[PDB]
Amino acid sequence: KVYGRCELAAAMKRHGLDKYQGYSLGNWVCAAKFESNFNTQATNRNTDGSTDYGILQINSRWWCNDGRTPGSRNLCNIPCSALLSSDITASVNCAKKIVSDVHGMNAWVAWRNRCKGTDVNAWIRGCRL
């Protein structure tokens, strides 16, 4: 599924991400925009043999089990396929484990490059939340 901007914003809000670890809602929306273009089915194979899965492009070397990344960890305790669902629940629950402190969104490269220190409120402006 490809979410609309405001559609995702509302879902993220529902899921309790606003002000999670001090990060306003727009941060999460912006991350998703630049990581996956809001596509729940997005996957990207990395040169280390790991893969990034889903709307937040969560990686198999540490966070999920895809059965094909040798010597990796599974910190969210889920199969990576759970992260490709149309509903964002599994992805949000894993993202909450990833962001364990107030600097935790640095785990996402696209967030650091396109979101951090910008007007992230733009990503929810014009929506009904």
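Note that residue numbering begins at 1 and tracks the sequence as displayed.
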query: Higher-B stretch (mean Cα B-factor, as the entry records it), 45-53 or 73-81; finding: 45-53
query: Lowest, middle or highest third - CA B-factor, residue 65; finding: middle
query: Chain thirds of CA B-factor: placement of residue 37; finding: middle
query: Entry-reported Cα temperature factor of residue 10, expressed as the chain third it lands in; finding: lowest
query: Third of chain Cα B-factors occupied by residue 25; finding: lowest
query: Where the record places residue 110 (Cα B-factor, split into thirds across the chain); finding: highest
